[PDB]
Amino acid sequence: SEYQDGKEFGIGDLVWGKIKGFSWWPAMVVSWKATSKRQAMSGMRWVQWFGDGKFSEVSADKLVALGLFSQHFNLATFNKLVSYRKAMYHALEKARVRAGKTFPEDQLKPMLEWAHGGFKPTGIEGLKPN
């Protein structure tokens, strides 16, 4: 009954997570058992950040589906930080495999165009965990 608090987001979900002083960052919702920490408080979820693999306990109100991409993608942070560019690659690679998508900085370009364009042809349904 982990995360049975009435709030959104379950294990395996791709999300944007917001920490104070940082841009919205891509992550995956994980079970507390993967963290080596403790059970999350009601209303909170454990997430693992793409690019650095670290764990954080984040309020479900500070998470949004990764699928709301153009809405949370930060162009200024993308241009400024190589760590954000690397996080985008790992998050969009996970999204690509889940959606059954195939592509023909250079690797990132068509993945970013696919994400910004609404993850066509599956849309956001293709990012759901199996």
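The first residue of the sequence shown is number 1, and the count goes up from there.
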Do the C-alpha atoms of 105 to 113 or of 10 to 18 have the higher average B factor in the entry? 105 to 113
Quick check on the record: does 46 to 54 or 95 to 103 carry the larger mean Cα temperature factor? 95 to 103
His72: which third of its chain by C-alpha temperature factor? lowest
For the chain shown, is the CA B-factor of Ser36 in the lowest, middle or highest third of its modelled residues? highest
Using the temperature factors of the C-alpha atoms in this entry, rank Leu66 within its chain: lowest, middle or highest third. lowest
Third assignment of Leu81 from its chain's C-alpha B-factors: highest
